[PDB]
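To start, the structure under review is shown below, and the notes come after it.
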Amino acid sequence: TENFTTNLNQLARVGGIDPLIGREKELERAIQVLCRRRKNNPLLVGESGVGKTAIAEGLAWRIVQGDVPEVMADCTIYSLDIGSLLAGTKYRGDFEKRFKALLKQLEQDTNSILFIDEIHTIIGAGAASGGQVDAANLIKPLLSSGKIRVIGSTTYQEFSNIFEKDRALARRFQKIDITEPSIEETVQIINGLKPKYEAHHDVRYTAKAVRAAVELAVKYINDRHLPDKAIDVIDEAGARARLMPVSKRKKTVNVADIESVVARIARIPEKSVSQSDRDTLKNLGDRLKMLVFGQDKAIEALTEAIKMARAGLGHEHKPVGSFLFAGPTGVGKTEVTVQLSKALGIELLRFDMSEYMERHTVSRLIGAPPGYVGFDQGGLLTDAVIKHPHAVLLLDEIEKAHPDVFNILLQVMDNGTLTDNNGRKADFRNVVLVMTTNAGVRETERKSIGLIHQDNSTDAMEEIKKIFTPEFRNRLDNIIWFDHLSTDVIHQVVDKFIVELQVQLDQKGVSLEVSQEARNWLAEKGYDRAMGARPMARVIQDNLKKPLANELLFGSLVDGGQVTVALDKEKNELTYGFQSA
Amino acid sequence: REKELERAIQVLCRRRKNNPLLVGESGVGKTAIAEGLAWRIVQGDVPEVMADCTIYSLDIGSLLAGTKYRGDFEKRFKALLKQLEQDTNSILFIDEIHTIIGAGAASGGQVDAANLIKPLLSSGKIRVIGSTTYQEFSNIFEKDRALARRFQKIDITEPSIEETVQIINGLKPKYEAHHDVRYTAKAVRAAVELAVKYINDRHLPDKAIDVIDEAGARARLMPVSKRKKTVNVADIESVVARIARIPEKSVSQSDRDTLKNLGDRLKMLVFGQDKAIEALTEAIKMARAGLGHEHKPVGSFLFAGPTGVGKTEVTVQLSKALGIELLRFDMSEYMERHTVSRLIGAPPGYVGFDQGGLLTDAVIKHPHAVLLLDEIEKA
Amino acid sequence: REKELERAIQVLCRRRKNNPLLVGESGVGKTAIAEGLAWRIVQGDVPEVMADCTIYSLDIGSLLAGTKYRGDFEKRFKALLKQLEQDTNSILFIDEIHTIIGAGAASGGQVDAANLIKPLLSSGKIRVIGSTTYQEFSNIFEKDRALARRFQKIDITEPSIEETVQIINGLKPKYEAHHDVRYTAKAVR
Amino acid sequence: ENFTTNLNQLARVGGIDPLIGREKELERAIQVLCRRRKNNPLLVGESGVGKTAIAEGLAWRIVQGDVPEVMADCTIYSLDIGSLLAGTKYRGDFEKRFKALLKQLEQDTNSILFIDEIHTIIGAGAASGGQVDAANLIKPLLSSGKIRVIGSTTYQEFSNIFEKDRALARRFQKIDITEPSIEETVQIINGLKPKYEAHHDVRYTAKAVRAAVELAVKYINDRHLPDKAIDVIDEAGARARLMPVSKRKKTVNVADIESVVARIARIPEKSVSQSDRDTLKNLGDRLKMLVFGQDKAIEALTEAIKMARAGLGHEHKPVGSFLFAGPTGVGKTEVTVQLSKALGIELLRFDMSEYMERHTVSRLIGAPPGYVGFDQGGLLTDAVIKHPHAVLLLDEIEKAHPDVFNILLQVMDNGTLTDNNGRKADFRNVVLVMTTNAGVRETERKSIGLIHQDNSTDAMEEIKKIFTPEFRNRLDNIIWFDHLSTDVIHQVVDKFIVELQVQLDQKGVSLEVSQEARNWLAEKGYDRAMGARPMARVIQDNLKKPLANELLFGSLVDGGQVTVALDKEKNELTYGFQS
Amino acid sequence: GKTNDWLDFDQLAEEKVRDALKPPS
Ligand SMILES: Nc1ncnc2c1ncn2[C@@H]1O[C@H](COP(=O)(O)OP(=O)(O)OP(O)(O)=S)[C@@H](O)[C@H]1O
Ligand SMILES: Nc1ncnc2c1ncn2[C@@H]1O[C@H](COP(=O)(O)OP(=O)(O)OP(O)(O)=S)[C@@H](O)[C@H]1O
Ligand SMILES: Nc1ncnc2c1ncn2[C@@H]1O[C@H](COP(=O)(O)OP(=O)(O)OP(O)(O)=S)[C@@H](O)[C@H]1O
Ligand SMILES: Nc1ncnc2c1ncn2[C@@H]1O[C@H](COP(=O)(O)OP(=O)(O)OP(O)(O)=S)[C@@H](O)[C@H]1O
Ligand SMILES: Nc1ncnc2c1ncn2[C@@H]1O[C@H](COP(=O)(O)OP(=O)(O)OP(O)(O)=S)[C@@H](O)[C@H]1O
Ligand SMILES: Nc1ncnc2c1ncn2[C@@H]1O[C@H](COP(=O)(O)OP(=O)(O)O)[C@@H](O)[C@H]1O
Ligand SMILES: Nc1ncnc2c1ncn2[C@@H]1O[C@H](COP(=O)(O)OP(=O)(O)O)[C@@H](O)[C@H]1O
Ligand SMILES: [Mg+2]
Ligand SMILES: [Mg+2]
Ligand SMILES: [Mg+2]
Ligand SMILES: [Mg+2]
Ligand SMILES: [Mg+2]
Ligand SMILES: [Mg+2]
């Protein structure tokens with residue numbers, strides 16, 4: 001049975017298999033169970049990445065080295081490959097004879113231990129058509145008598161859903177729980193494993209790189225356990241140096257390389273922002289101000305919040321920034337958010353909250369619970385942010401949604417993690433949560449029934465408190481109140497729309513020229529403080545786009561031309577000088 | 001895909017768990033990156049480490065063929081792994097890796113393909129390249145934490161417009177030969193830009209390559225004689241128009257005459273209320289002429305007036321003249337707030353979830369149509 | 001049905017993803033276009049490029065029936081693809097394609113029939129013609145975006161009254177001979 | 001093949017009963033069978049209608065020659081589902097067997113396959129029938145159209161398996177099958193009469209065959225009309241053939257077969273007898289003899305029921321329109337069960353108090369989450385459908401939501417209650433009665449006046465107010481139960497004592513009750529509002545509770561001879577114990 | 001507003017069985 005079972009001691013002697021550091025309490029309990037009279041079959045149950053196989057495989061490494069109790073010395077540990085047992089078991093009884101013969105060898109020497117990784121598999125292996133004769137029944141009578149010792153290793157999910165079902169087999173196996181190690185316990189493990197990884201990549205790791213890898217992975221890599229998680233950052237870091245030229249950075253990997261690897265794994269911006277990104281970040285405020293005017297206060301809050309995150313002063317577990325942009329209509333609340341993601345080159349997560357008007361609609365964000373038709377679909381918000389952890393989350397018209405939906409965002413702003421129906425935890429630490437609401441629009445624009453008209457600006461704030469619970473408003477970084485667009489900024493907005501018009505006309509091959517006098521006429525004609533700048537988009541469409549459209553289809557503008565717009569002082573009307581060219 | 005490939009080589013060169021995983025949305029060329037790795041190896045662009053390496057594609061269907069007897073699948077699976085371990089320089093590529101979770105499953109046995117390969121991935125003896133979508137990776141693959149721990153996820157994202165055009169230029173000689181036609185530089189530029197603006201529910205690499213491929217068959221097969229060797233921008237626009245149901249450059253074609261008589265024809269069928277016809281006919285002209293908003297509908301008009309004056313007639317007679325479907329929605333049914341579910345379907349975990357939304361499904365079926373919400377105030 | 005057929009031929013001639021899907025309501029000639037494509041090929045109305053091509057009508061129920069094993073389905077299914085892969089001009093017709101996506105050949109697992117043909121369709125090795133209703137297309141189909149990407153969608157609309165009366169005229173000889181009766185033109189209208 | 005029996009071959013050699021009637025239904029099969037496409041007939045009918053007879057009878061026409069020229073060489077084979085599934089032990093082995101038979105039949109032209117109980121093989125998911133996924137091997141032949149198949153699916157299954165599946169529905173032509181008329185049923189038996197007579201060697205009387213069908217469908221209430229008649233006729237011949245050891249009666253009579261129906265129906269022969277007029281004539285004498293009190297209320301009910309059974313009025317309307325209204329505890333419930341026991345109809349109790357919530361109203365028509373479970377249907381509808389002759393007892397109807405009252409108004413007017421599933425229920429033969437404990441609070445209400453002696457004595461006015469005027473018009477007459485007298489209560493106490501004495505006889509313990517003891521129990525156990533309801537608890541606490549203490553330990557363990565007495569001064573019950 | 005109604009989803013169970021062989025001689 002040499003092909004089905006390998007001798008770990010032989011492998012550990014000629015080479016090395018993950019030298020175990022620590023785990024004295026875990027290995028002592030396992031040795032205690034293995035020294036029992038009956039049911040001396042430990043079961044290393046733990047989460048993936050907690051060193052279950054390391055403890056079993058490392059036991060052999062310890063035995064050869066000699067740091068084991070005298071009772072455990074002289075013993076041989078064998079690893080069972082369940083795939084090799086069922087290799088040629090075509091004929092009836094090939095598995096039973098093959099498996100039973102293997103157990104006889106262990107009983108003869110009476111000093112050998114069997115390691116069966118993924119022990120949950122043997123529960124049903126060996127059934128040909130409808131029989132219960134399997135490795136579980138074939139081993140069962142030999143485990144309760146203490147003739148042989150077998151070490152098992154399986155995950156909690158497999159142990160609870162499969163292994164725990166067989167009460168008879170579970171009783172024979174003594175569940176030895178394995179707990180994730182601490183931050184300090186992990187650095188000593190990497191130090192013991194470092195000589196094996198250094199030789200593979202022919203590099204060297206610094207004392208600070210190891211401490212940073214463990215700490216940085218725990219913060220950002222929240223999907224795997226600490227022992228495997230930290231090793232991934234170390235193993236992948238050395239690979240970069242090997243791929244890089246032998247002369248530039250092949251000797252050693254600095255701490256800067258560790259943060260770069262973790263950033264790519266978590267899809268988050270790396271620390272020590274380069275000068276290239278700094279130029280874009282510094283100019284973010286100026287670029288935004290060229291597309292949105294009259295709301296410089298809001299741009300400052302958004303840009304400043306992002307700077308704190310990159311600079312390293314961001315919140316420990318809260319998002320980059322949580323804001324509730326409230327104000328009049330058409331004042332740039334959604335435009336600033338749509339133009340923020342483009343400036344930073346990140347995905348835009350636009351959510352229309354006018355659809356989440358019912359309590360039952362919350363299942364779309366976090367997914368339906370288990371046992372329902374909607375379990376496969378999953379949460380739309382949790383899935384969207386997992387694929388794009390670095391993005392801008394926009395909840396347009398959040399006030400329209402039911403108050404129940406607001407409660408979901410309490411942990412998104414206080415803790416930064418949302419638990420999906422499947423159990424995974426979304427991460428909002430690098431998400432710029434932005435919310436827009438038009439609450440108080442009726443109240444602020446209303447006219448008081450009195451002699452002295454009143455400043456109803458303070459009425460929207462009161463509505464914000466009635467709709468949003470204090471616990472929700474307290475989590476927000478700050479509430480920015482947008483102001484009505486003045487006559488001076490309206491002129492800039494007109495230029496923006498005219499520029500967009502030129503882009504449309506440029507595709508057709510015709511160039512537009514509008515005199516400054518005409519621009520002022522359009523501004524005063526469609527200037528409505530209460531209605532924002534959306535009416536300005538219609539005074540241009542009716543005055544400029546409508547004549548051009550008729551000429552483009554029926555006129556000289558079919559081919560590339562140079563149209564001009566002018567205002568006659570006598571009539572105060574627009575004149576369109578269409579030219580065929 | 002230099003950034004995506006660079007990380008793949010780094011993971012493959014790792015001491016343990018050197019099995020990269022390519023997780024991305026469908027249509028982002030995940031298989032192309034894995035399959036394209038072998039192509040680069042032949043040319044020699046890859047580094048010296050990746051040189052002299054062979055990439056094998058696993059056919060799970062064939063592996064599970066004729067394995068009715070016990071132990072047949074285990075022998076085939078453990079025979080291939082031995083070959084990879086012995087070579088020490090081969091790499092396995094498993095397309096749609098979410099299938100190995102249940103592969104080889106028995107009546108009551110839990111000896112799956114993943115369980116057998118599991119001890120070989122953590123050790124680092126073999127290297128495996130996977131490619132699964134986000135939906136399959138979470139619902140079917142992420143559930144097995146043990147297997148996922150042995151793989152390194154690589155997030156692939158749809159390339160930008162500037163990057164997609166370069167991809168088509170590299171693939172263009174393959175499509176040109178098959179379709180015996182030539183694609184102009186502007187044609188490729190238009191397909192990428194037009195696809196993003198009009199084609200939806202598909203990613204940019206697939207979208208752009210669909211317009212380019214379909215355009216070759218049209219020019220090669222639509223004209224029986226007097227064929228067009230080249231493929232100009234006009235042809236690409238028509239193909240995109242068929243996929244998305246609306247044209248962008250045929251407005252100065254015979255349809256041009258229809259827009260001129262649209263206002264006059266409506267006046268004949270509906271007398272009076274000329275101001276309303278002018279609003280609809282001018283909005284369509286601006287949209288078709290290329291002066292649209294590009295982020296809003298063609299037009300949103302709230303026709304308010306007395307009963308029987310033409311509010312529900314101009315709209316009905318606007319679809320017939322334009323030859324487009326009429327999405328008639330009577331708002332008298334949506335009297336309560338709970339009726340909104342009928343428009344956008346019920347949320348997950350509730351009855352009627354599979355039914356979907358009437359308004360959303362209707363618009364998806366007929367994107368080019370007139371949406372009529374009669375008696376909106378009653379809602 | 002020349003308009004609908006022309007769209008299908010354009011898709012079949014594509015280098016990749018040449019797998020048209022006929023989407024239409026019940027009783028709208030969903031299978032009359034696939035079956036009739038073979039009739040056109042034999043007669044010769046199809047373009048020259050489509051000549052020498054053979055349409056195969058797959059029966060999922062018959063193939064899936066009698067497996068009683070884990071590998072019997074893949075044994076026969078892969079054998080079918082091997083035949084089609086050998087003949088580059090061969091075309092497959094899968095009536096009611098929505099059945100494979102739900103549960104092709106596996107329950108409580110993930111080795112489905114669709115996954116087997118996913119890589120082949122992406123490479124253009126085989127041509128597959130599918131037929132599924134709008135109701136079975138939005139709920140069952142499109143859930144696995146990967147399979148939906150390979151299959152193009154051809155819109156099928158219910159014909160007008162003038163089109164159906166002409167269609168019945170072509171079918172009159174078959175029905176008349178079967179029943180040994182005559183149908184007056186006025187009766188058909 | 002061995003799996004299927006050739007009906008044409010079987011009909012040629014005999015052994016198949018002839019088909020009587022069903023011309024309109026049978027002709028539809030020939031129409032669809034001759035079709036070029038979609039020529040697979042589907043026989044959707046309830047159990048007992050005779051779906052198999054229609055198929056067997058169809059083959060008789062082919063061999064006889066009463067079919068078109070195309071159907072001359074046609075041959076019909078009946079598939080045996082039991083033979084295929086038996087011995088498989090492997091999901092898929094059954095499918096291999098079907099293919100072999102299908103290939104053999106596909107070779108031969110003009111072949112039909114009568115798949116009996118087709119629903120069992122094509123069940124959507126896990127089923128208690130075939131348990132095989134035959135959808136795979138059913139759509140191919142149906143779509144191909146080479147061989148046509150006849151399916152005898154039930155109405156219930158057709159609405160779910162065939163309707164949901166487009167492929168099955170698009171390749172099957174539904175043929176509705178209904179129960180034959182009563183006049184047609186006797187004609188069917190008359191045609192088949194010689195076969196059974198020749199076997200049993202007895203001659204049935206013309207009056208017996210006619211009367212048997214009327215009492216069979218009413219008293220059995222288990223199967224459908226066609227199966228009952230063929231069963232009772234066969235059962236009657238066997239009983240009379242071997243009833244005496246030596247004697248025998250070749251002739252048959254109505255009274256003879258009546259005894260046979262009693263066994264299968266589990267009802268006494270007296271009630272099973274066709275003497276409805278006799279029981280109706282002495283209905284008041286029977287109720288007054290079985291139960292005491294409310295004589296005026298009982299007498300009014302008998303006159304009204306006689307009006308409905310006379311046959312006058314609209315037959316579609318319900319027979320029972322009675323609204324009981326009086327204090328509980330006076331036997332209001334007892335007359336509803338005694339009336340049903342005498343007439344032989346079943347008893348269905350539906351308490352309105354449970355059906356109080358607005359959502360609960362929907363349960364009567366259908367279960368909210370019962371999408372898979374369409375067999376149960378609505379709670380009220382299923383009970384009426386299974387039992388078409390049964391009394392409906394509604395309690396506390398006054399405290400119901402307004403929508404519930406409208407459900408009763410519809411049946412009172414049209415007489416037919418529709419179901420969401422689509423089942424049609426008829427209340428023509430169902431008597432409806434409802435009780436309301438209203439007005440008792442108004443009577444027992446303490447007057448606000450200073451003297452407090454004000455009595456209402458006008459509880460009938462409150463009854464009309466709690467109910468809408470529309471409901472009052474539909475009901476022809478309302479029953480009112482007068483307050484019981486102290487003398488009548490004494491008889492109720494004896495009822496509980498008799499039951500206690502019978503229970504003690506199994507242990508050999510006697511029980512003596514004095515005349516003075518009964519007076520104490522009557523007053524203590526009778527309440528104005530609750531009537532005799534406390535009597536059960538009062539009898540138990542006073543008599544049974546102490547008894548058990550002594551019976552467990554004391555002289556009463558053996559010997560019995562129990563005695564009860566009460567002291568006159570304190571008016572407390574003291575029970576003497578004797579060994 | 002009327003209360004909402006949730007609908008459960010039941011998953012069917014079907015498995016494949018292997019087959020052992022016995023040679024006659
Ligand atoms: N004390 C330790 N000393 C050395 N390495 C350790 C230690 N604890 C954990 N490890 C590391 O943990 C890994 C071994 O455990 P895993 O790879 O998680 O195996 P496992 O626990 O059997 O996995 P599954 O997925 O749960 S079957 C290697 O990276 C080891 O180096
Ligand atoms: N401050 C601004 N600068 C430039 N364009 C603006 C500005 N405010 C509004 N617009 C224009 O108006 C539209 C954007 O309006 P939004 O900012 O989305 O409105 P809002 O503030 O969210 O309020 P609503 O309409 O009540 S949801 C675009 O067409 C912009 O071009
Ligand atoms: N970088 C690239 N170079 C060349 N072709 C590419 C690239 N990215 C995408 N494509 C094209 O994208 C199309 C689809 O590629 P696939 O490999 O099928 O995508 P995929 O996302 O792996 O698909 P699945 O397997 O269905 S999720 C082909 O035309 C590819 O050539
Ligand atoms: N301006 C019109 N020209 C011609 N026919 C008209 C006109 N107005 C009404 N009709 C006729 O009257 C019918 C109803 O007119 P509609 O405009 O559809 O009514 P409506 O505005 O929907 O009415 P409500 O629902 O009462 S507000 C049309 O279908 C025509 O037959
Ligand atoms: N119209 C009819 N003419 C002649 N005999 C009939 C007629 N209807 C029913 N029968 C008789 O009643 C029986 C009907 O056939 P069955 O095989 O009992 O029907 P079935 O529907 O298969 O019954 P199940 O299995 O109890 S649902 C036979 O005994 C027939 O002779
Ligand atoms: N264009 C056509 N020419 C001739 N017959 C047609 C045409 N379209 C449909 N039919 C006929 O109408 C029916 C179409 O059925 P089909 O749409 O394939 O069914 P299903 O929707 O159930 O798959 C067939 O009887 C077919 O012969
Ligand atoms: N007239 C009566 N004769 C005899 N017992 C009666 C009479 N009226 C009431 N009772 C007693 O009171 C009970 C009341 O009926 P029961 O079915 O027990 O409860 P409910 O009235 O709640 O339906 C009778 O079963 C019986 O024990
Ligand atoms: Mg392990
Ligand atoms: Mg907005
Ligand atoms: Mg792929
Ligand atoms: Mg109207
Ligand atoms: Mg069809
Ligand atoms: Mg009572």
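Chain labels follow the order of the structure tokens: the first chain is A, the next B, and so on; residue numbering restarts at 1 in every chain, and ligands are counted from 1 in their shown order.
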Could you list, with a cut-off of 9 Å and counting only C-alpha atoms and all ligand atoms, the residues of chain B near ligand 4, each shown with its nearest atom pair and the distance in Å rounded to one decimal, rows sorted by chain and ascending number, as JSON lines?
{"residue": "B:267", "atom": "CA", "partner": "ligand 4", "partner_atom_place_in_ligand_line": "3 (N)", "distance": 8.4}
{"residue": "B:268", "atom": "CA", "partner": "ligand 4", "partner_atom_place_in_ligand_line": "3 (N)", "distance": 8.4}
{"residue": "B:269", "atom": "CA", "partner": "ligand 4", "partner_atom_place_in_ligand_line": "4 (C)", "distance": 6.1}
{"residue": "B:270", "atom": "CA", "partner": "ligand 4", "partner_atom_place_in_ligand_line": "3 (N)", "distance": 3.8}
{"residue": "B:271", "atom": "CA", "partner": "ligand 4", "partner_atom_place_in_ligand_line": "3 (N)", "distance": 4.7}
{"residue": "B:272", "atom": "CA", "partner": "ligand 4", "partner_atom_place_in_ligand_line": "1 (N)", "distance": 5.8}
{"residue": "B:273", "atom": "CA", "partner": "ligand 4", "partner_atom_place_in_ligand_line": "1 (N)", "distance": 7.0}
{"residue": "B:303", "atom": "CA", "partner": "ligand 4", "partner_atom_place_in_ligand_line": "21 (O)", "distance": 8.8}
{"residue": "B:304", "atom": "CA", "partner": "ligand 4", "partner_atom_place_in_ligand_line": "27 (S)", "distance": 8.0}
{"residue": "B:305", "atom": "CA", "partner": "ligand 4", "partner_atom_place_in_ligand_line": "27 (S)", "distance": 6.9}
{"residue": "B:306", "atom": "CA", "partner": "ligand 4", "partner_atom_place_in_ligand_line": "27 (S)", "distance": 5.7}
{"residue": "B:307", "atom": "CA", "partner": "ligand 4", "partner_atom_place_in_ligand_line": "26 (O)", "distance": 3.6}
{"residue": "B:308", "atom": "CA", "partner": "ligand 4", "partner_atom_place_in_ligand_line": "19 (O)", "distance": 3.7}
{"residue": "B:309", "atom": "CA", "partner": "ligand 4", "partner_atom_place_in_ligand_line": "8 (N)", "distance": 4.0}
{"residue": "B:310", "atom": "CA", "partner": "ligand 4", "partner_atom_place_in_ligand_line": "17 (O)", "distance": 3.0}
{"residue": "B:311", "atom": "CA", "partner": "ligand 4", "partner_atom_place_in_ligand_line": "21 (O)", "distance": 4.0}
{"residue": "B:312", "atom": "CA", "partner": "ligand 4", "partner_atom_place_in_ligand_line": "18 (O)", "distance": 3.8}
{"residue": "B:313", "atom": "CA", "partner": "ligand 4", "partner_atom_place_in_ligand_line": "18 (O)", "distance": 4.4}
{"residue": "B:314", "atom": "CA", "partner": "ligand 4", "partner_atom_place_in_ligand_line": "17 (O)", "distance": 7.3}
{"residue": "B:315", "atom": "CA", "partner": "ligand 4", "partner_atom_place_in_ligand_line": "18 (O)", "distance": 8.8}
{"residue": "B:316", "atom": "CA", "partner": "ligand 4", "partner_atom_place_in_ligand_line": "18 (O)", "distance": 8.2}
{"residue": "B:374", "atom": "CA", "partner": "ligand 4", "partner_atom_place_in_ligand_line": "22 (O)", "distance": 7.3}
{"residue": "B:375", "atom": "CA", "partner": "ligand 4", "partner_atom_place_in_ligand_line": "25 (O)", "distance": 7.1}
Practice task
Counting only C-alpha atoms and all ligand atoms, name the residues that have an atom within 6 Å of an atom of ligand 13; the answer should be given as number ranges by chain.
Solution key: D: 328-333
Handout entry: Of the listed residues A:415, A:377, A:580, A:421, that which approaches chain C most closely, counting only C-alpha atoms
Key = A:377
Report as a short mmCIF file (atom, residue, chain, number, x, y, z; two decimals) with N, CA, C and O atoms, in the first residue's frame which protein, DNA and RNA residues come within 10 Å of ligand 12, using only C-alpha atoms and all ligand atoms.
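Saved as out_24.cif:
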data_model
loop_
_atom_site.label_atom_id
_atom_site.label_comp_id
_atom_site.auth_asym_id
_atom_site.auth_seq_id
_atom_site.Cartn_x
_atom_site.Cartn_y
_atom_site.Cartn_z
N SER C 26 -45.77 31.43 -28.34
CA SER C 26 -46.23 30.09 -28.70
C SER C 26 -47.01 30.12 -30.01
O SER C 26 -47.79 31.05 -30.28
N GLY C 27 -46.80 29.10 -30.84
CA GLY C 27 -47.49 28.98 -32.11
C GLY C 27 -47.25 30.09 -33.10
O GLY C 27 -48.20 30.53 -33.77
N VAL C 28 -46.01 30.57 -33.21
CA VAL C 28 -45.63 31.62 -34.15
C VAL C 28 -44.62 31.11 -35.17
O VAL C 28 -43.87 31.90 -35.75
N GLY C 29 -44.58 29.81 -35.41
CA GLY C 29 -43.61 29.25 -36.34
C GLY C 29 -42.21 29.22 -35.78
O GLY C 29 -41.24 29.44 -36.53
N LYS C 30 -42.07 28.98 -34.47
CA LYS C 30 -40.75 28.94 -33.85
C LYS C 30 -39.88 27.85 -34.46
O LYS C 30 -38.69 28.06 -34.70
N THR C 31 -40.47 26.68 -34.74
CA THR C 31 -39.75 25.57 -35.33
C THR C 31 -39.99 25.44 -36.83
O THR C 31 -39.36 24.60 -37.47
N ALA C 32 -40.89 26.25 -37.39
CA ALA C 32 -41.13 26.22 -38.83
C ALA C 32 -39.98 26.86 -39.60
O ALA C 32 -39.83 26.57 -40.80
N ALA C 34 -36.61 26.79 -38.46
CA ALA C 34 -35.46 25.90 -38.36
C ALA C 34 -35.64 24.70 -39.28
O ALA C 34 -34.75 24.36 -40.07
N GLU C 35 -36.80 24.03 -39.17
CA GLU C 35 -37.09 22.90 -40.04
C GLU C 35 -37.11 23.32 -41.50
O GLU C 35 -36.58 22.62 -42.37
N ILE C 94 -31.68 22.70 -31.71
CA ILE C 94 -32.09 22.26 -30.38
C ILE C 94 -33.44 22.91 -30.08
O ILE C 94 -33.50 24.07 -29.65
N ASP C 95 -34.52 22.17 -30.31
CA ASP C 95 -35.85 22.68 -30.02
C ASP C 95 -36.06 22.72 -28.51
O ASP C 95 -35.71 21.77 -27.80
N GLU C 96 -36.65 23.81 -28.03
CA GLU C 96 -36.89 24.00 -26.60
C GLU C 96 -35.57 23.92 -25.83
O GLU C 96 -35.36 23.07 -24.97
N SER C 131 -34.59 27.41 -29.92
CA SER C 131 -35.96 27.90 -29.97
C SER C 131 -36.52 27.90 -28.56
O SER C 131 -36.57 26.85 -27.91
N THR C 132 -36.94 29.07 -28.08
CA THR C 132 -37.50 29.20 -26.75
C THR C 132 -38.46 30.38 -26.73
O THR C 132 -38.25 31.37 -27.43
N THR C 133 -39.50 30.26 -25.92
CA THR C 133 -40.51 31.31 -25.82
C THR C 133 -40.00 32.47 -24.97
O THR C 133 -39.04 32.36 -24.21
N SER D 143 -44.42 14.96 -30.29
CA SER D 143 -43.95 15.94 -31.27
C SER D 143 -43.76 15.29 -32.63
O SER D 143 -44.12 15.87 -33.66
N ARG D 166 -46.23 23.33 -21.63
CA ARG D 166 -46.66 23.74 -22.96
C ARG D 166 -46.57 22.59 -23.96
O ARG D 166 -47.45 22.44 -24.81
N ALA D 167 -45.50 21.80 -23.88
CA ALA D 167 -45.30 20.71 -24.84
C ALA D 167 -46.43 19.68 -24.75
O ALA D 167 -46.92 19.21 -25.78
N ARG D 170 -49.78 21.45 -25.97
CA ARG D 170 -49.81 21.74 -27.39
C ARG D 170 -49.93 20.49 -28.26
O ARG D 170 -50.23 20.62 -29.45
#
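Between atom CA of residue 120 of chain A and atom CA of residue 168 of chain A lies a distance of 13.6 Å.
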With the cut-off set at 10 Å and counting only C-alpha atoms and all ligand atoms, tabulate each residue of chain A with an atom at most that distance from an atom of ligand 8, showing the nearest atom pair and its distance in Å to one decimal, ordered by chain and increasing number, as a Markdown table.
| residue | atom | partner | partner_atom_place_in_ligand_line | distance |
| --- | --- | --- | --- | --- |
| A:48 | CA | ligand 8 | 1 (Mg) | 8.1 |
| A:49 | CA | ligand 8 | 1 (Mg) | 8.4 |
| A:50 | CA | ligand 8 | 1 (Mg) | 9.7 |
| A:51 | CA | ligand 8 | 1 (Mg) | 7.8 |
| A:52 | CA | ligand 8 | 1 (Mg) | 6.4 |
| A:53 | CA | ligand 8 | 1 (Mg) | 4.5 |
| A:54 | CA | ligand 8 | 1 (Mg) | 7.6 |
| A:55 | CA | ligand 8 | 1 (Mg) | 9.9 |
| A:56 | CA | ligand 8 | 1 (Mg) | 9.3 |
| A:57 | CA | ligand 8 | 1 (Mg) | 9.1 |
| A:116 | CA | ligand 8 | 1 (Mg) | 9.6 |
| A:117 | CA | ligand 8 | 1 (Mg) | 6.0 |
| A:118 | CA | ligand 8 | 1 (Mg) | 7.3 |
| A:153 | CA | ligand 8 | 1 (Mg) | 7.3 |
| A:154 | CA | ligand 8 | 1 (Mg) | 8.1 |
| A:155 | CA | ligand 8 | 1 (Mg) | 9.5 |
